[PDB]
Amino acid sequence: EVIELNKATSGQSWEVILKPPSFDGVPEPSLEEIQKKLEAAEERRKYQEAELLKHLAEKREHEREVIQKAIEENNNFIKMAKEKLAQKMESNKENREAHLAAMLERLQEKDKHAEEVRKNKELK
């Protein structure tokens, strides 16, 4: 079965039917919704970028804490070297003056004994 459809200046068309159909008949986002979905993805982008930058700023502050900790270790080294050096030097000074004073106290006791010997002589 040939059924012509149309003819025009630059062509023609027809329909060739080789068997009719077995069954008769055929069996059985707004602008705002789009814009809200694009803006939602944008906020998720920005939230992620903000989370990355916050982790990097957390590492900036750890680096500051590391650098400060080294400065505190240095200052405490200085502070404890200085207190121990002064403690040593004072204990040594005291000890040495005490040895010297004992040595002079003994010689002076000999000196008192000499006056007692000289007294004993005139007494007899």
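In case it trips you up, residue 1 is the first one in the sequence shown, and so on. If you superpose the two forms and keep the largest set of C-alpha atoms that fall within 1.5 Å, you have the rigid core.
Superposing each structure in 7 other deposited structures of this protein on the rigid core shows that the farther-lying of 104-112 and 19-27, by root-mean-square Cα distance, is 19-27. The modelled chain breaks after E28 and resumes at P29, leaving 10 or more residues of the deposited sequence without coordinates.
Per the deposited coordinates, the residue with the largest Cα temperature factor out of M80, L38, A98, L56 is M80. Ranked against the other modelled residues of its chain, the C-alpha B-factor of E72 as given in the entry falls in the middle third.
Per the PDB record, residue ranking by Cα B-factor puts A102 in the middle third of the chain. The entry lists a Cα temperature factor for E42 that places it in the lowest third of the chain's modelled residues. For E94, the recorded CA B-factor ranks within the lowest third of the chain. Only modelled residues enter the ranking. Among the modelled residues of the chain, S10 sits in the highest third by CA temperature factor in this PDB entry.
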